[PDB]
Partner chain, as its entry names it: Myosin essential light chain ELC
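This document opens with one chain alone, in structure tokens, the form deposited without its partner chain.
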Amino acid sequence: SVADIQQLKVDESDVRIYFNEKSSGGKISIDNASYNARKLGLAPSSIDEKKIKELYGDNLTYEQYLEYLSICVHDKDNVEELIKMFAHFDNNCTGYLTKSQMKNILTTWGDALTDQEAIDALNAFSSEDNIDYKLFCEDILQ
């Protein structure tokens, strides 16, 4: 209600239908809410999930889920912040990180991916060992 529901960029019919696909007893789990956010093209982190859990627990009513989705819009996101994070690790200044170097970063810190998730994501992007991380960040943001 106080949330930015109007602004939520997403087809509202999909928002509802995705909720009905995953809801049980009128509520949707956080895991399924984040899944739906992703299907709608939003990118929640653990910070977003923690915020909504702190407010409402593990199972959200429809209204609460709408509020969760509005938390997930991340208008501030840009490619520069993503590139700069990887550039931290590019100490020899090549413009590339290997798949192993990328796998290590993505699986060791933050909202760590599993080895298989990282590997699958990197393999989906490129068949070569050297990854242009600028192009990778451009790809994931869209």
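Positions refer to the first chain, counted from 1. In this text, rigid core is short for the largest set of C-alphas that superpose within 1.5 Å between two forms.
Peer 1: Once the rigid core is lined up, would you tell me whether 98-106 or 75-83 has the higher RMS CA deviation in 6 other deposited structures of this protein?
Peer 2: Checking 98-106 against 75-83 in 6 other deposited structures of this protein, I find the farther stretch is 75-83.
Peer 1: Superpose by the rigid core: which stretch, 84-92 or 31-39, shows more Cα shift in 6 other deposited structures of this protein?
Peer 2: Taking the RMS over all superposed structures in 6 other deposited structures of this protein, 84-92 lies farther out.
Peer 1: Answer with none, 1 to 3, 4 to 9, or 10 or more: how many deposited residues between residue 137 and residue 138 are not present in the coordinates.
Peer 2: In the record, the chain runs straight from residue 137 to residue 138 with none unmodelled.
Peer 1: Averaged over C-alpha atoms, is the B-factor higher for 20-28 or for 128-136 in this PDB entry?
Peer 2: The stretch with the larger average C-alpha B-factor is 20-28.
Peer 1: Which is higher on mean Cα B factor in this entry, 37-45 or 88-96?
Peer 2: According to the entry, 88-96 carries the higher average C-alpha B-factor.
Peer 1: What's the residue among 64, 101, 116, 107 with the greatest CA temperature factor in the PDB record?
Peer 2: 116 has the highest C-alpha B-factor of those listed.
Not pictured, yet referred to below: the form deposited with its partner chain bound.
Peer 1: Any chance residue 62 has a heavy atom within 4.5 Å of its partner chain in the bound PDB entry?
Peer 2: No, residue 62 stays farther than 4.5 Å from its partner chain in the bound PDB entry.
Peer 1: Against its partner chain in the bound PDB entry, would residue 70 count as a contact residue? Criterion: heavy atoms within 4.5 Å.
Peer 2: Contact with its partner chain, no.
Peer 1: Answer yes if any heavy atom of residue 105 is within 4.5 Å of a heavy atom of its partner chain in the bound PDB entry; otherwise answer no.
Peer 2: Yes - in the bound PDB entry, heavy atoms of residue 105 and its partner chain come within 4.5 Å of each other.
Peer 1: Should residue 91 be classed as touching its partner chain in the bound PDB entry when contacts are defined as heavy atoms within 4.5 Å?
Peer 2: Output for residue 91 is yes: heavy atoms within 4.5 Å of its partner chain.
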